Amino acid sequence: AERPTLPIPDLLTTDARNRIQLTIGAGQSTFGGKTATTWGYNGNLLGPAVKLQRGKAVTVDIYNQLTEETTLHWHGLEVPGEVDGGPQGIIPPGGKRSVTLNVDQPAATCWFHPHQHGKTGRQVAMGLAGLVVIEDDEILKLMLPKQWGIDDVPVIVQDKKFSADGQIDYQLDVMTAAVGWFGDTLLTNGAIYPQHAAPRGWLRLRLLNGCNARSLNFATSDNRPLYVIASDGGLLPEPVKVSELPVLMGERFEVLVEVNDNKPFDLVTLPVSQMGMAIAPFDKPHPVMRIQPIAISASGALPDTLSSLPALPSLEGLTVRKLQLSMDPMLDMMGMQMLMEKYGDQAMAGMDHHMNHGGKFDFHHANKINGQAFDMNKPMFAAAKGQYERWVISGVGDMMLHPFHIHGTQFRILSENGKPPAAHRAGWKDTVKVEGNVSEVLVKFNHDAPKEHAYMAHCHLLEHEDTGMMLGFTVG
């Protein structure tokens, strides 16, 4: 049988009242011919692409049609705490909440997802995620590929696992609190190994790793290169040619790839060095989508220059903030043990060479920052508004992967896990790798966040976040 076509999220713009309507609700989806309850925005699974423009404001009406509470966060968008949609941005079941977004950042591919306290991993796993396409005056002048769903296509890549009855098999337990929830099935915009018909010339892919815990590494089946033109927070100064592209949970990259007649190829993801993630079939390169060339000319360009990246400032005199990540050693031990018992040596492939004792031994608050599991009633500190700070984030103490994300900003990486960032990671980023080592980022917050609607800073391995590896901070 034929591969299904890649589903394309609708590209959503405001109405005459300058409103965008998002409904959060449950329905059914089909995976390998088996029905499953799933959640989506404006539909049964995943969500639309909200289109925003720099310098214009839009109002979003969000209707929660779930029977549990949720929140809606604009990952990558610089907005005040009150509309950031972190865990304090509760939307009651059957209620509505509206936010006005005053966009003021460069063009970029961002995304949106729930941030329900302690339940973000389950809510994303059940289906909730959407995209944000920000444009500005600079980017249209480049004449990049720009026909949505034809030569400019979003690619949201996510794994899931299912029970025998077909339902999504999500669990936040001792094992997943340590190593993450991951599965054996890969979805691309919700579909299993779809094909995308693309015109001859450049194809623009807006890649999102929407997995809870799985890191990815994109490449092509026939080794054609990817030309990275943008990261989380927008365009790079010039295209960076790569043969492979690691993408951490919650990160976005835009790339251009060449499409030539008569030569279909796959976008694939390569096995990664992360515990648990190389279990078959992820022990081998795994197809993401088939690109099917169409003998119609694509008009997009790959310009020699894209944008101007301002200089890093002098660092002397800037506030230096220390963020020590940690995992309770015993629950790290026990979760890794359960992983190894379940899958055996393969759960460490590619890596380098029972009674109740009460509330303090609970895995639900086992993961921490600066000695504290996330406390919604107590922002850890007050950061400055309109000033560059140096945040130092350490994972020394365990060997798990911690993609660290800071709300309210797009930052510059100074050191990524002990090394200067790769060139395609040297621009605007909202995530930095932390794994057994130390990262440092230069951050600036342009909007206020009060204690009642604080910004979060956290690991984006969702099961770590939900079991405490997050802090709140205020700005202004």
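Start at 1 and count along the sequence shown; that's the residue number. The term rigid core refers to the most C-alpha atoms you can superpose between the two forms while keeping them within 1.5 Å.
Between 402-410 and 292-300, greater CA displacement relative to the shown form is found for 292-300 when the structures in 7 other deposited structures of this protein are fitted on the core. Put simply, when the other structures in 7 other deposited structures of this protein are lined up on the rigid core, the C-alpha atoms of 306-314 lie farther off than those of the other stretch, from 306-314 and 320-328. In the other compared entries of this protein that model both flanking residues, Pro114 has coordinates in every one, well short of a third left out. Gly94 is built in all of the other entries compared, counting only those with both neighbours built, so it is not a gap in a third.
Gap check for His353 to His354: 10 or more deposited residues are absent from the model.
Of the two segments, 367-375 and 399-407, the one listed with the higher mean B-factor is 367-375 (C-alpha atoms only).
The PDB entry records a higher mean C-alpha B factor for 33-41 than for its counterpart among 65-73 and 33-41.
The top Cα temperature factor in the record, among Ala49, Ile413, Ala57, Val60, falls on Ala57. Across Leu236, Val99, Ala177, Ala349, the greatest Cα temperature factor reported in the deposited entry is at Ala349. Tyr343: CA B factor in the middle third of modelled residues in this chain (values from the PDB entry). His286: CA B factor in the middle third of modelled residues in this chain (values from the PDB entry).
In the deposited entry, the Cα temperature factor of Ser297 places it in the highest third of its chain's modelled residues. Sort the chain's modelled residues by C-alpha temperature factor and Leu462 lands in the lowest third, per the entry. The deposited CA B-factor of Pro421 belongs to the middle third of values across its chain.
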